[PDB]
Number of protein chains: 2
Amino acid sequence: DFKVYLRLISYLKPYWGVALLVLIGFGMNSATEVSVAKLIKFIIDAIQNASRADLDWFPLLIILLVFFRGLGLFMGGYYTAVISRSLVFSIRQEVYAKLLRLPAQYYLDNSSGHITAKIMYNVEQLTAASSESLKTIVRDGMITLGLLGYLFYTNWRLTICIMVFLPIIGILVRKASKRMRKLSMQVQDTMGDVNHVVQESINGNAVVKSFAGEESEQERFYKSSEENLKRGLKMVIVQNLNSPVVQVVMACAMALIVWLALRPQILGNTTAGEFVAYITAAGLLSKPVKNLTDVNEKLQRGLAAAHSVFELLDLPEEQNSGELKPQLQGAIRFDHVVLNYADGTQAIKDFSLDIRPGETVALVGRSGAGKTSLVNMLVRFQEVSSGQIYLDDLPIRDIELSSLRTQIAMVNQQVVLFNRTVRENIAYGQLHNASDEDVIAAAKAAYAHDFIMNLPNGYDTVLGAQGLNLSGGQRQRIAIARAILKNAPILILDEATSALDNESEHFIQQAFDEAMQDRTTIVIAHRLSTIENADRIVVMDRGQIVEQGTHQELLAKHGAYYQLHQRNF
Amino acid sequence: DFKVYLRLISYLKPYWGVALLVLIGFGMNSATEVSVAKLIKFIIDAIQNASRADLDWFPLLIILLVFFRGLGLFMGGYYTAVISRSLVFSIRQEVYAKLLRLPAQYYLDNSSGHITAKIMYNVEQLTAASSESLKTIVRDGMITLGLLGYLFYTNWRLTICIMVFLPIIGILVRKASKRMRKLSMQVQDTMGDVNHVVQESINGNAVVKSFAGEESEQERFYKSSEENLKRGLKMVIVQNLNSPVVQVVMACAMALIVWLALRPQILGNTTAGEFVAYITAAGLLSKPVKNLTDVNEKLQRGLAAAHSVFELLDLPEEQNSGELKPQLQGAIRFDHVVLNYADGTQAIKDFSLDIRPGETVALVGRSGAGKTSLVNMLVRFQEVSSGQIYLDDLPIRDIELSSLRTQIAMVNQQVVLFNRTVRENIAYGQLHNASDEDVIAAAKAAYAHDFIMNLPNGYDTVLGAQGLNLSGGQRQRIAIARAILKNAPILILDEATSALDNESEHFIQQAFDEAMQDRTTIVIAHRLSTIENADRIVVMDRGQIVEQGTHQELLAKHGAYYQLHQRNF
């Protein structure tokens, strides 16, 4: 249950000092609460003939006592909230780390990002308040320790009898209060049904324009509602009176005290001010358990999210089973990709794709039918359930994770605009290891240098409030620049959604065509010249590679295939 | 300010007994609270050599004391909530009465019905809780009375000095707490801006797919957030420590007590257990004022609605300046109606309508341009600002209000379906003075007797949960039956929106045509035969009667006017 909590505690074993300070503060608060009744006993001592010496300090005694209590409570709350915030931060850091290198089905299947982040935050605050109630529980436990200690110091057997008669009636009162609250809710609903019915039947101006005689009808409806209301009010008063049962319990406790007094042993003891202190502390003890009852309540309230939180933290890990290959030449062949939407049947089955080394080829076919799914598969969102995905004269997994990440690129609607510096957005990977001359060269290559860079700070243009200084076309141009500037060995992008409706379409297309040289990539281009300039093409049908052959024959056919590819039906 | 409150109090002067019981209960609760410290003083008396007699009863003393306190508190809360509910009911009754015979601009101009009803209910609950806090204030005031009484009984001059040193530091603490809360809110917002900014910047899975290096970025953002959080936490701890200022105030009070003790006069007095009781009560007094502070808070919170509530209660009354005329023959002539949408210019200006006695005539023209406004004017939603509206050889106002209400009728979208018995819905006015034979005759005249009455209980068919057993067409037929069954001298309805798309259109139209006989009414009928069978017609243009003449000429023209009237452009 508390595995992740124990993990965080082990981490904050580095904050062992903080934890010890927090415990010291809570214990100091409890000791101050005990000293309250303690010094209270000293008050009566002043009233015993000659006691005048302590009388003056008694004022200063209570003053400095309150001062020390405030100091301890302040320090405890401070360090406690500090520890809580530190735990929130560490939990968030681990949560992000898990979110990094996460699985596709996180966002692909569920609303992982926003919803799960808000759940993480809600659970963070919840577990924080849970640790806080735990600290309050520690305070109450130290308070009970002090009560038992004073009890042992005063009269061991009497305290034993007191504990015997105690707690049981308290739990009985807790159960009685729960039942009373349930009955109050039931009666309140019984009255509130009629209450809402009456409060929802006031329309009908035309009816008044006709007759307007329903005054007695409203009187009668309100009369029945008022009968139910009297019932509920009496129930609420009974709920208030229920605490007198706990009063009767404390009265039986006082009766036990009176019986101890009936034993002459107490008389010879003559507890007196000590007895006053004992009763006072017993009362002080009541606040501790009273607060402590809510501890489990809010504890469950928070665990309701914390369980799923730790589960997602320990959710299915993306097993990075991979070799360490620095770079390859371009000999990539994925064979027999048999997969479809997860938790379903097989639709893109045996989606084999074998490509000659070095050369760049393109594929065309139906716009939909899982084309984006095929792209994600290329992005290794899934794996070829069949065949042999041999890359760089070795398996697909037989490669470094970084190199695959380094070659990772795409030019589609999947654009990640980071609200940061234009230079920051220019270098997606290893920005701190990028030269400024290369940055200026890329800005020249941006195909929107006179427009996109036409903003404050130029090359250092920090994206404003959600890109308040950026437009859609300029944002698209900037994203294209950021992608193109990357010198990846193979920046294969599924660009079937390429359109010329954006600004600087000619310049952007020319820059893309220039960058396409010396870059092995499989993109469904939208330029007619680029389409006619392709090297190798395969006729993909039903969302999978169904046919292939020379691209010249397909280009020169100009029939149904060309019409479907161009006009998109 | 409290005029309506005083009015309700004058009404509940009939509940003077209830009020006296409530005051008695609150005073009993305060007396019990005083007796707490009182008997507490008696406790020490047991510890004074031979006191054994009271020792046994002391248990029973505390027990029966708690019992009496619970009894009094229960009775007070009970009768208090009873009075609150009674006040809610009376206020609601008066509110409905005002809502009855209300002005047009209530619903016509504003969302009076639902919104104002919910406002009335919110204000009702608010003023109820306000009276409740007032009762708590009465409890606190009686408690202060008891404190001052015990103070006078113990030591008048000492109590004077105590009151002198008191209250001032309490108000200072109140102001300090308000300022501390404001500072806490400011610091919490200062931290929470960055908190929300961080909690809203976690997206970007594609960025991770590319580089995934922002771990240190998150660490730094969280570091700044944590700095702000440490600031806010220290502020909250300071807020907690602020109560030690009030502790220091009570410490100065204890210092005053100690100085009184430094006067030997207290020593000769030797308050002892009495001093213990005095300090205890002073503490008990703290809870009273502590609760009382919120009284003004919630008082204003409720008055925020109560002021507008009493205003709408005393809002512009519909001055029923009218004579007492039982019935008329049908000689109605409204002249020079110069009015338009309220708080605006004049559009339907000089909308005169003079009709011969007895005969029934119809008017046609543009569908819109304030036709419904003209209908409402006929419904006396407004008045002819010019001309002489002479009815029954006397002014329009020179007639009984009931007779106008009796003649009030309409067959349009303004249908008031009352979720009640079919017989109840049949007789809109004076249902309890309607014969069952006439009810059966009307049900036969319903034109949907085989369909509308084809439900449970037949003639006693109570409309279910929002008419769960009724359909739209059956509901329209039932409404038509309810309207037609009324034997009003003139049931003039603006039926320009008449359509034949409903079920039993032929039967309903035949019944309407039959009922049209021997009934003076101005309706823009949709039946071609009814249109051709009209007696007198007037050509109304631009939403007002612009032309007139023989209806035969207009019917035989069959030109632009007929096309506009029929096809509705």
# chains A, B, ... in the order shown; residues from 1 in each chain; ligands from 1

$ closest_atom_pairs --of "chain A" --to "chain B" --cutoff "7 Å" --atoms "only C-alpha atoms" --output "JSON lines"
{"residue": "A:44", "atom": "CA", "partner": "B:272", "partner_atom": "CA", "distance": 6.9}
{"residue": "A:47", "atom": "CA", "partner": "B:272", "partner_atom": "CA", "distance": 5.5}
{"residue": "A:55", "atom": "CA", "partner": "B:258", "partner_atom": "CA", "distance": 6.9}
{"residue": "A:56", "atom": "CA", "partner": "B:258", "partner_atom": "CA", "distance": 6.3}
{"residue": "A:59", "atom": "CA", "partner": "B:255", "partner_atom": "CA", "distance": 5.2}
{"residue": "A:62", "atom": "CA", "partner": "B:251", "partner_atom": "CA", "distance": 6.6}
{"residue": "A:63", "atom": "CA", "partner": "B:251", "partner_atom": "CA", "distance": 5.3}
{"residue": "A:66", "atom": "CA", "partner": "B:247", "partner_atom": "CA", "distance": 6.4}
{"residue": "A:67", "atom": "CA", "partner": "B:244", "partner_atom": "CA", "distance": 6.6}
{"residue": "A:70", "atom": "CA", "partner": "B:241", "partner_atom": "CA", "distance": 5.6}
{"residue": "A:74", "atom": "CA", "partner": "B:237", "partner_atom": "CA", "distance": 5.2}
{"residue": "A:77", "atom": "CA", "partner": "B:237", "partner_atom": "CA", "distance": 6.3}
{"residue": "A:78", "atom": "CA", "partner": "B:237", "partner_atom": "CA", "distance": 5.9}
{"residue": "A:81", "atom": "CA", "partner": "B:233", "partner_atom": "CA", "distance": 6.6}
{"residue": "A:82", "atom": "CA", "partner": "B:230", "partner_atom": "CA", "distance": 6.7}
{"residue": "A:89", "atom": "CA", "partner": "B:222", "partner_atom": "CA", "distance": 6.8}
{"residue": "A:100", "atom": "CA", "partner": "B:208", "partner_atom": "CA", "distance": 6.6}
{"residue": "A:113", "atom": "CA", "partner": "B:203", "partner_atom": "CA", "distance": 6.3}
{"residue": "A:203", "atom": "CA", "partner": "B:113", "partner_atom": "CA", "distance": 6.2}
{"residue": "A:204", "atom": "CA", "partner": "B:416", "partner_atom": "CA", "distance": 5.9}
{"residue": "A:206", "atom": "CA", "partner": "B:416", "partner_atom": "CA", "distance": 6.7}
{"residue": "A:207", "atom": "CA", "partner": "B:416", "partner_atom": "CA", "distance": 6.3}
{"residue": "A:208", "atom": "CA", "partner": "B:100", "partner_atom": "CA", "distance": 6.8}
{"residue": "A:209", "atom": "CA", "partner": "B:405", "partner_atom": "CA", "distance": 6.4}
{"residue": "A:210", "atom": "CA", "partner": "B:408", "partner_atom": "CA", "distance": 5.3}
{"residue": "A:211", "atom": "CA", "partner": "B:429", "partner_atom": "CA", "distance": 5.1}
{"residue": "A:212", "atom": "CA", "partner": "B:100", "partner_atom": "CA", "distance": 6.9}
{"residue": "A:222", "atom": "CA", "partner": "B:89", "partner_atom": "CA", "distance": 6.8}
{"residue": "A:230", "atom": "CA", "partner": "B:82", "partner_atom": "CA", "distance": 6.7}
{"residue": "A:233", "atom": "CA", "partner": "B:81", "partner_atom": "CA", "distance": 6.4}
{"residue": "A:234", "atom": "CA", "partner": "B:78", "partner_atom": "CA", "distance": 6.1}
{"residue": "A:237", "atom": "CA", "partner": "B:74", "partner_atom": "CA", "distance": 5.6}
{"residue": "A:240", "atom": "CA", "partner": "B:74", "partner_atom": "CA", "distance": 6.9}
{"residue": "A:241", "atom": "CA", "partner": "B:70", "partner_atom": "CA", "distance": 5.9}
{"residue": "A:244", "atom": "CA", "partner": "B:70", "partner_atom": "CA", "distance": 5.9}
{"residue": "A:247", "atom": "CA", "partner": "B:66", "partner_atom": "CA", "distance": 6.5}
{"residue": "A:248", "atom": "CA", "partner": "B:63", "partner_atom": "CA", "distance": 6.4}
{"residue": "A:251", "atom": "CA", "partner": "B:63", "partner_atom": "CA", "distance": 5.2}
{"residue": "A:254", "atom": "CA", "partner": "B:59", "partner_atom": "CA", "distance": 5.7}
{"residue": "A:255", "atom": "CA", "partner": "B:59", "partner_atom": "CA", "distance": 5.2}
{"residue": "A:258", "atom": "CA", "partner": "B:59", "partner_atom": "CA", "distance": 6.1}
{"residue": "A:272", "atom": "CA", "partner": "B:47", "partner_atom": "CA", "distance": 5.7}
{"residue": "A:405", "atom": "CA", "partner": "B:210", "partner_atom": "CA", "distance": 5.6}
{"residue": "A:406", "atom": "CA", "partner": "B:210", "partner_atom": "CA", "distance": 6.7}
{"residue": "A:408", "atom": "CA", "partner": "B:210", "partner_atom": "CA", "distance": 5.8}
{"residue": "A:409", "atom": "CA", "partner": "B:210", "partner_atom": "CA", "distance": 6.9}
{"residue": "A:416", "atom": "CA", "partner": "B:204", "partner_atom": "CA", "distance": 6.1}
{"residue": "A:428", "atom": "CA", "partner": "B:211", "partner_atom": "CA", "distance": 6.6}
{"residue": "A:429", "atom": "CA", "partner": "B:211", "partner_atom": "CA", "distance": 4.9}

$ atom_distance --atom1 "atom CA of residue B:322" --atom2 "atom CA of residue B:394"
11.1 Å

$ select_by_dssp --residues "stretch 295-429 of chain B" --states "strand (DSSP E or B)" --output "ChimeraX atom specification"
/B:332-334,339,348,353-354,364-365,390-391,395,421

$ select_by_dssp --residues "stretch 395-464 of chain A" --states "alpha helix (DSSP H)" --output "PyMOL selection string"
chain A and resi 401-407+422-426+436-444

$ write_last_selection --atoms "N, CA and C atoms" --output "PDB file, in the first residue's frame"
ATOM      1  N   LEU A 401      19.810   3.640 -28.401  1.00  0.00           N
ATOM      2  CA  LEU A 401      18.572   4.394 -28.236  1.00  0.00           C
ATOM      3  C   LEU A 401      18.749   5.844 -28.668  1.00  0.00           C
ATOM      4  N   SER A 402      19.895   6.442 -28.336  1.00  0.00           N
ATOM      5  CA  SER A 402      20.139   7.835 -28.692  1.00  0.00           C
ATOM      6  C   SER A 402      20.165   8.026 -30.203  1.00  0.00           C
ATOM      7  N   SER A 403      20.828   7.118 -30.924  1.00  0.00           N
ATOM      8  CA  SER A 403      20.931   7.256 -32.374  1.00  0.00           C
ATOM      9  C   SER A 403      19.557   7.226 -33.030  1.00  0.00           C
ATOM     10  N   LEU A 404      18.692   6.311 -32.590  1.00  0.00           N
ATOM     11  CA  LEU A 404      17.313   6.322 -33.064  1.00  0.00           C
ATOM     12  C   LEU A 404      16.628   7.629 -32.698  1.00  0.00           C
ATOM     13  N   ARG A 405      16.800   8.078 -31.454  1.00  0.00           N
ATOM     14  CA  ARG A 405      16.252   9.370 -31.055  1.00  0.00           C
ATOM     15  C   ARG A 405      16.879  10.502 -31.857  1.00  0.00           C
ATOM     16  N   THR A 406      18.181  10.406 -32.138  1.00  0.00           N
ATOM     17  CA  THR A 406      18.843  11.436 -32.931  1.00  0.00           C
ATOM     18  C   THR A 406      18.272  11.496 -34.340  1.00  0.00           C
ATOM     19  N   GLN A 407      18.065  10.337 -34.965  1.00  0.00           N
ATOM     20  CA  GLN A 407      17.475  10.306 -36.294  1.00  0.00           C
ATOM     21  C   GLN A 407      15.986  10.624 -36.283  1.00  0.00           C
ATOM     22  N   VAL A 422      13.570  31.880 -29.654  1.00  0.00           N
ATOM     23  CA  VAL A 422      13.639  31.421 -31.037  1.00  0.00           C
ATOM     24  C   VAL A 422      14.884  30.572 -31.245  1.00  0.00           C
ATOM     25  N   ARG A 423      16.013  31.003 -30.677  1.00  0.00           N
ATOM     26  CA  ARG A 423      17.210  30.172 -30.698  1.00  0.00           C
ATOM     27  C   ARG A 423      16.988  28.875 -29.929  1.00  0.00           C
ATOM     28  N   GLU A 424      16.270  28.947 -28.804  1.00  0.00           N
ATOM     29  CA  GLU A 424      15.960  27.738 -28.050  1.00  0.00           C
ATOM     30  C   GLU A 424      15.106  26.781 -28.871  1.00  0.00           C
ATOM     31  N   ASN A 425      14.098  27.307 -29.571  1.00  0.00           N
ATOM     32  CA  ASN A 425      13.248  26.462 -30.401  1.00  0.00           C
ATOM     33  C   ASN A 425      13.955  25.988 -31.664  1.00  0.00           C
ATOM     34  N   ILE A 426      15.050  26.645 -32.054  1.00  0.00           N
ATOM     35  CA  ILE A 426      15.752  26.270 -33.277  1.00  0.00           C
ATOM     36  C   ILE A 426      16.453  24.925 -33.113  1.00  0.00           C
ATOM     37  N   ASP A 436      26.650  29.534 -32.641  1.00  0.00           N
ATOM     38  CA  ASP A 436      25.838  30.675 -33.047  1.00  0.00           C
ATOM     39  C   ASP A 436      25.910  30.929 -34.547  1.00  0.00           C
ATOM     40  N   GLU A 437      27.052  30.641 -35.175  1.00  0.00           N
ATOM     41  CA  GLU A 437      27.153  30.776 -36.625  1.00  0.00           C
ATOM     42  C   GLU A 437      26.204  29.813 -37.324  1.00  0.00           C
ATOM     43  N   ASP A 438      26.135  28.573 -36.836  1.00  0.00           N
ATOM     44  CA  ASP A 438      25.164  27.623 -37.365  1.00  0.00           C
ATOM     45  C   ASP A 438      23.738  28.089 -37.107  1.00  0.00           C
ATOM     46  N   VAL A 439      23.498  28.742 -35.968  1.00  0.00           N
ATOM     47  CA  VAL A 439      22.170  29.278 -35.680  1.00  0.00           C
ATOM     48  C   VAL A 439      21.793  30.345 -36.701  1.00  0.00           C
ATOM     49  N   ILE A 440      22.729  31.241 -37.018  1.00  0.00           N
ATOM     50  CA  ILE A 440      22.461  32.277 -38.010  1.00  0.00           C
ATOM     51  C   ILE A 440      22.242  31.659 -39.385  1.00  0.00           C
ATOM     52  N   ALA A 441      23.030  30.635 -39.726  1.00  0.00           N
ATOM     53  CA  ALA A 441      22.850  29.960 -41.006  1.00  0.00           C
ATOM     54  C   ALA A 441      21.473  29.315 -41.101  1.00  0.00           C
ATOM     55  N   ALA A 442      21.028  28.666 -40.023  1.00  0.00           N
ATOM     56  CA  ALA A 442      19.698  28.068 -40.014  1.00  0.00           C
ATOM     57  C   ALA A 442      18.612  29.131 -40.107  1.00  0.00           C
ATOM     58  N   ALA A 443      18.796  30.256 -39.411  1.00  0.00           N
ATOM     59  CA  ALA A 443      17.836  31.353 -39.501  1.00  0.00           C
ATOM     60  C   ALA A 443      17.737  31.874 -40.927  1.00  0.00           C
ATOM     61  N   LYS A 444      18.867  31.935 -41.631  1.00  0.00           N
ATOM     62  CA  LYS A 444      18.823  32.229 -43.058  1.00  0.00           C
ATOM     63  C   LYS A 444      18.066  31.147 -43.819  1.00  0.00           C
TER      64      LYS A 444
END

$ atom_distance --atom1 "atom CA of residue B:193" --atom2 "atom CA of residue A:87"
20.3 Å

$ closest_residue --among "A:91, A:180, A:554, A:129" --to "residue A:300" --atoms "only C-alpha atoms"
A:129

$ residues_around --residues "residue B:145" --least-positions-apart "6" --cutoff "10 Å" --atoms "only C-alpha atoms" --output "list in words"
residues 27, 30, 31, 34, 139, 151 and 285 of chain B

$ write_last_selection --atoms "N, CA, C and O atoms" --output "tab-separated table (two decimals), in the first residue's frame"
chain	number	residue	atom	x	y	z
B	27	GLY	N	-30.82	31.88	26.87
B	27	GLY	CA	-30.41	32.30	28.20
B	27	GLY	C	-30.09	31.13	29.10
B	27	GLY	O	-29.18	31.20	29.92
B	30	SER	N	-26.64	29.97	28.19
B	30	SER	CA	-25.65	30.86	28.78
B	30	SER	C	-25.52	30.62	30.28
B	30	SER	O	-24.41	30.63	30.83
B	31	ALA	N	-26.65	30.44	30.96
B	31	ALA	CA	-26.62	30.17	32.39
B	31	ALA	C	-25.90	28.87	32.68
B	31	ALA	O	-25.16	28.76	33.66
B	34	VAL	N	-22.22	29.52	32.40
B	34	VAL	CA	-21.75	30.17	33.62
B	34	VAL	C	-21.63	29.15	34.74
B	34	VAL	O	-20.63	29.10	35.47
B	139	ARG	N	-26.83	34.42	22.39
B	139	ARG	CA	-26.16	33.52	23.33
B	139	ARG	C	-24.88	34.15	23.85
B	139	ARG	O	-24.61	34.16	25.05
B	151	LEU	N	-18.35	38.86	37.52
B	151	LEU	CA	-17.32	39.84	37.80
B	151	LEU	C	-17.75	40.82	38.88
B	151	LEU	O	-16.98	41.15	39.79
B	285	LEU	N	-15.49	33.32	28.00
B	285	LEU	CA	-15.89	34.53	27.30
B	285	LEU	C	-15.23	34.63	25.94
B	285	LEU	O	-15.83	35.18	25.00

$ atom_distance --atom1 "atom CA of residue B:356" --atom2 "atom CA of residue B:556"
23.5 Å

$ residues_around --residues "residue B:301" --least-positions-apart "4" --cutoff "9 Å" --atoms "only C-alpha atoms" --output "PyMOL selection string"
chain B and resi 126+130+296-297+305

$ closest_residue --among "A:168, A:537, A:137, A:328" --to "residue A:490" --atoms "only C-alpha atoms"
A:328
